[PDB]
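We name chains A, B, ... by the order of the sequence lines, and we start the count at 1 in each one. Each ligand, and each atom within it, is numbered from 1 in the order the structure gives. Basis for what follows: all heavy atoms, side chains included, without hydrogens, waters or symmetry-related copies.
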Amino acid sequence: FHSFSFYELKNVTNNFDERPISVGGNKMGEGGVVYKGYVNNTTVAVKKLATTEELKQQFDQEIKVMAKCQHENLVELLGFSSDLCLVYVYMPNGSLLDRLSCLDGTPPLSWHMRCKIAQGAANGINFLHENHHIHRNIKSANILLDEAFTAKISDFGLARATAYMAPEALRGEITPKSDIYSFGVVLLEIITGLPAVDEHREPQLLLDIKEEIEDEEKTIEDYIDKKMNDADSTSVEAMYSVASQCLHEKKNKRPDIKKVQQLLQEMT
Amino acid sequence: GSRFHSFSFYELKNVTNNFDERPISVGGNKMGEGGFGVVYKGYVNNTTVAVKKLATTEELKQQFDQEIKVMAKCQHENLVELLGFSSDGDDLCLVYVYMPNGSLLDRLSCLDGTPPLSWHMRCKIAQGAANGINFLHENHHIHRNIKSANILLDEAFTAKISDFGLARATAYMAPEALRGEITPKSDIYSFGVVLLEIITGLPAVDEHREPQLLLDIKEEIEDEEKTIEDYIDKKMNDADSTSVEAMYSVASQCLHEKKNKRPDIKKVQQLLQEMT
Ligand SMILES: COc1cc(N2CCOCC2)ccc1NC(=O)c1cnc(-c2cccnc2)s1
Ligand SMILES: COc1cc(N2CCOCC2)ccc1NC(=O)c1cnc(-c2cccnc2)s1
C-alpha cells in the first residue's frame with residue numbers, strides 16, 4: 001500500500017471541501033464522504049468516514065479485504081490514513097448510480113454499455129465469492145466506472161468471509177446469496193433507470209415492480225428506461241429474467257454468481 | 001391510566017418474595033421472561049396475579065406508557081386484562097390477571113412435563129388468538145410482537161394476547177417489517193409462524209436445527225422434499241389430516257413474502273372456522 005498523511009490528504013482535497021464539484025468544491029458523493037484529491041499530476045478518490053468503533057471495524061475490514069482481493073473489476077485501494085481516510089484510484093465516469101440518473105448533464109448510458117457493465121459487475125462479485133468473501137453492500141452507488149466504463153466494485157466496509165437487502169439478510173443471516181439478491185436490484189436499476197427506492201413512487205421499492213409485472217399490472221415495457229435507443233426486447237427480457245431469479249425470496253432458489261455470469265454472457 | 005390501579009412497588013416486592021428469580025417449580029416466583037422483563041407470580045387482595053417487572057430507560061418507559069395506553073382502549077375476550085401498574089419505586093411494573101395455563105409457548109414445549117395440547121385445543125387456541133388480533137386491527141392497532149410466548153391461556157385454554165409494549169395505532173417478522181414498515185399485514189405474517197408452531201410443536205427458531213427458522217419449512221414442503229406429515233407434532237393423537245392440512249394452508253398464505261398477497265385477519269378467521 002501507500003501511506004498518506006492525514007495532513008497531506010487534507011491539503012490535496014482543499015481541506016476536505018464538502019461543497020459539490022459542481023460548485024468548485026471537492027465532494028463527489030456521500031453515503032462516509034468521498035472527495036476528489038489531487039496528488040502531483042494525478043487524481044485520486046479519498047473517502048473519509050463519519051458508533052465510532054463500528055466505523056473502525058469497517059475501516060479495518062475494508063483494508064483487510066483490499067489487501068487480499070485485487071482484480072480488474074474491483075476498485076484499487078492505493079492507501080490509507082490514520083478521522084479515518086481511504087484512498088482509491090480515481091474513476092472518471094463516477095458511479096453507476098450517477099450515470100443512470102444522468103447527473104452533471106452526462107449522456108444516458110446505452111443498452112450496449114449497460115450490458116457490459118452488468119457483466120463486469122458480476123465478474124467482480126464472482127472474484128469475491130471465489131475467494132470466500134461476501135460483499136454485503138452491493139448497490140449502484142458502489143459500482144464505479146473507469147475511463148472505458150468498465151465496472152468496478154467498491155466499498156468493502158461490511159465485507160466478511162435497505163432497498164437492496166434480501167429477506168434473510170434483514171433477518172441477520174450472512175450469505176453470499178444475499179450479494180446475488182442485491183445484484184438483482186442493481187440489474188433492475190440498469191433496466192429502468194429508476195432509483196432503488198423512491199418515497200413518492202408506487203411501489204416505493206424498485207424490487208417490488210417484480211410483483212407488478214408478475215400480476216400483469218405492469219409490463220417490462222412499462223418500466224424500461226425510455227432514454228436509450230438500442231435496447232432490443234429480447235436481451236432486455238433476458239436481463240430481466242436474470243434479475244427476477246436473483247430476487248427470489250429464498251436464498252436456495254437464487255442462482256449463484258457463476259450461473260449469473262453465464263446468463264449475462266448468453267444475453268449478448 | 002385512570003381505569004387501572006396504582007400499586008406500591010414495596011407491596012409488589014412483598015408479594016413476590018422480593019421478586020424471587022428462581023422458577024415456580026423450585027419455590028421461587030419467576031414464571032417467565034424475555035420481552036423487556038421478567039414475569040413473576042404475585043398476589044393482590046389474596047388473589048394470584050402476574051407481575052411483569054420491566055428491565056435504554058426512556059424507551060422502556062415509553063413502552064411502559066404505551067402498554068398502559070393500549071390496555072385502556074382494548075378489552076376483549078382474547079386479550080389479557082391489565083389490573084394496574086407501579087412506577088413509584090425502583091422499577092416499573094405491570095400487573096395482569098393471572099393466566100393459569102401459562103403461555104402457548106410453554107404448553108407447546110411441554111414445560112415442566114405438562115401434557116401435550118390436543119389438536120382440538122390447538123384449534124380453539126388458534127381461533128381465539130385470531131379473534132384477539134381481529135379486535136386489535138378493527139380498532140386500528142398493530143401489535144408488532146405476535147409470538148407464541150405472548151399468547152396466554154386461562155383455565156379453559158382460552159387464548160389471550162398480550163405484550164402491547166410495541167403496539168402502534170426476528171423469527172416472527174415479515175420482510176417489510178424488518179425494513180421498518182409498520183403494517184397490520186405484518187401481524188398476519190407473525191401469526192403464520194405461530195400457526196406453524198401449533199402444527200409442529202417446534203420453536204420458531206432453533207440455532208441447532210435445519211432449517212434454523214421454522215418459516216423455512218414452507219419452502220421445504222413446497223419442494224416436496226418434505227411433507228406436512230413429516231413436520232406434524234407427533235404428540236397428539238387426535239389430529240386429523242384434513243384439518244391439519246387446512247391449518248397449514250392458512251399458515252402458508254399468512255407467510256407470503258409480499259404483504260398485499262396475505263389474507264387480512266377476517267379472512268384468516270373465516271379460513272380457521274372452515275377448518276372446524
Ligand atoms: C461518486 O464517486 C465519483 C464521482 C465522480 N464524478 C465524476 C463526474 O463529476 C462529478 C463526480 C468521479 C469519481 C467518483 N468516485 C471514485 O473515483 C471512487 C473510487 N473508490 C470509491 C468508493 C466509493 C464508495 C465507497 N467506497 C469507495 S469512489
Ligand atoms: C409465562 O407466563 C405464565 C406462566 C405460568 N406458569 C404456570 C405453570 O407454572 C409455571 C408458570 C402462569 C402464568 C403465566 N402468565 C400470566 O399469568 C400472564 C398475564 N399477563 C402476561 C404477560 C406475559 C408476557 C408479556 N406481557 C404480559 S403473563
Side-chain angles (χ1 to χ4, degrees), chain A residues 20-23 25-37 43-49 58 62 66 74-78 86-99 102-106 137 139-147 152-159, chain B residues 23-26 28-42 48-54 63 67 71 79-83 93-107 109 111-114 145 147-155 160-166:
Chain A
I21 301 297
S22 59
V23 172
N26 295 73
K27 181 212 301 164
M28 304 196 291
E30 70 195 70
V33 177
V34 181
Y35 301 83
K36 193 188 244 206
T43 306
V44 310
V46 189
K47 183 202 302 173
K48 162 185 139 275
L49 304 164
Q58 297 194 28
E62 172 129 9
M66 285 312 199
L74 300 189
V75 305
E76 188 218 14
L77 179 67
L78 305 164
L86 299 161
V87 177
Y88 305 88
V89 156
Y90 171 76
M91 301 288 282
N93 279 305
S95 70
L96 183 51
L97 177 60
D98 294 350
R99 299 288 65 77
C102 298
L103 269 52
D104 298 276
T106 59
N137 202 17
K139 52 165 160 187
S140 296
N142 284 342
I143 293 165
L144 295 174
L145 301 166
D146 69 9
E147 156 186 334
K152 307 184 196 265
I153 314 298
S154 71
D155 194 8
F156 295 86
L158 298 180
Chain B
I24 286 305
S25 62
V26 304
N29 285 74
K30 176 189 219 175
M31 305 197 296
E33 82 163 77
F36 317 100
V38 171
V39 179
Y40 296 90
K41 171 170 282 182
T48 310
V49 296
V51 181
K52 192 200 305 179
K53 192 190 73 166
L54 295 174
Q63 303 191 351
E67 184 144 6
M71 308 313 291
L79 309 190
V80 298
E81 179 175 356
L82 181 71
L83 304 180
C93 305
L94 297 162
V95 188
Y96 304 87
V97 172
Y98 180 58
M99 298 294 296
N101 278 312
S103 78
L104 178 52
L105 177 65
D106 291 342
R107 297 290 66 77
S109 66
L111 192 51
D112 291 312
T114 57
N145 208 8
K147 65 184 55 171
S148 64
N150 289 339
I151 300 168
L152 293 139
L153 302 160
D154 70 2
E155 321 79 78
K160 299 186 186 292
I161 315 288
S162 80
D163 216 1
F164 300 100
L166 302 174

Winner among B/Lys147, B/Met99, B/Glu33, B/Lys52 once heavy atoms are compared against atom 17 (O) of ligand 2: B/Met99
Closest by any non-hydrogen atom to atom 7 (C) of ligand 1: pick that one out of A/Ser22, A/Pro92, A/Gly37, A/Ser154. A/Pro92
Any donor-acceptor pair under 3.5 Å from A/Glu62 side chain to A/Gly157 backbone: yes
I'd like to know if the side chain of B/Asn150 and the backbone of B/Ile161 have a donor-acceptor N/O pair within less than 3.5 Å. no
[X] and [Y]: which non-hydrogen atoms are nearest, and at how many Å?
X        : Y       : answer
B/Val39  : B/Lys52 : CG2-CG, 3.8 Å
B/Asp154 : B/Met99 : N-CE, 3.2 Å
B/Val95  : B/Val49 : CG1-CG2, 3.7 Å
A/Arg99  : A/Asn93 : NH1-O, 3.0 Å

A/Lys139 bridged to A/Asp155 by N-O distance under 4.0 Å: no
Does A/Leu103 have a heavy atom less than 4.0 Å from any atom of ligand 1? no
Heavy atom of the protein closest to [atom] (residue, atom name, distance):
atom                    : result
atom 18 (C) of ligand 2 : B/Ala50 CB, 3.5 Å
atom 9 (O) of ligand 2  : B/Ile24 CG2, 4.4 Å
atom 25 (C) of ligand 1 : A/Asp155 CB, 3.2 Å
atom 5 (C) of ligand 2  : B/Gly102 CA, 3.6 Å
atom 10 (C) of ligand 1 : A/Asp104 OD2, 4.0 Å
atom 2 (O) of ligand 2  : B/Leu152 CD2, 3.9 Å
atom 14 (C) of ligand 2 : B/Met31 CE, 3.7 Å

Apply side-chain contact (heavy atoms from CB on, under 4.5 Å) to residues A/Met66 and A/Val75 and explain how you reach the verdict. CA-CA 9 Å; A/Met66 285 312 199; A/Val75 305; 3.8 Å; yes
Heavy atom under 4.0 Å from ligand 1: found in [X]'s side chain, backbone, both, or neither?
X       : result
A/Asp98 : side chain
A/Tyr88 : side chain
A/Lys36 : neither

Considering the heavy atoms of B/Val97, write down every atom of ligand 2 situated less than 4.0 Å from one of them. 19 (C)
Minimum side-chain heavy-atom gap A/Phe156-A/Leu77 below 4.5 Å: no
